[PDB]
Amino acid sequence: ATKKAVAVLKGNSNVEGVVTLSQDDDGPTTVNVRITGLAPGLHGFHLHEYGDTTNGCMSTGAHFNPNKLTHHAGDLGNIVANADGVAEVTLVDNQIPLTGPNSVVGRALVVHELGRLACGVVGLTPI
């Protein structure tokens, strides 16, 4: 509500998708995923540090944990592609900030082979 973002995922394969993110202040973040062109089966799904796709998904750099210094964040959890190669899921994650110094706006989402199949930069979208 209070804030929304989106990432369009593409890569060096036919994998493509869209992920929307919605968070009120610093509350739970609701995440809607639909990705296509995947091989059926389990895939990794992670936040990465940089929203840089100039060298494909390798440029997105390291796995990013927004809550590193706080007293698995960034691993959104494995997703399952169905026999049609489609992964369509809704998640609620309490460690995906859209605000603050470690906000993921301008960083990246990456889908991993269980290696970087597709990725996208997290951008702002109308509230």
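Residues carry their position along the shown sequence, with the first being 1. For the two forms, the rigid core is made up of the largest set of C-alpha atoms that agree within 1.5 Å on superposition.
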property: Stretch departing more from the displayed form, 57-65 or 82-90, Cα RMS in 5 other deposited structures of this protein (core fit); result: 57-65
property: Rigid core superposition result in 5 other deposited structures of this protein, more deviant of 96-104, 32-40 by Cα; result: 96-104
property: Cross-entry absence of residue 71, a third or more of other PDB entries; result: yes
property: Higher-B stretch (mean Cα B-factor, as the entry records it), 103-111 or 20-28; result: 20-28
property: Segment of higher mean CA temperature factor, 43-51 or 56-64; result: 56-64
property: Ranked C-alpha temperature factor of residue 117 among modelled chain residues, by third; result: highest
property: Ranked against its chain, the third holding the CA B-factor of residue 91; result: highest
property: Residue 80 - which third its CA temperature factor falls in, relative to the rest of the chain; result: middle
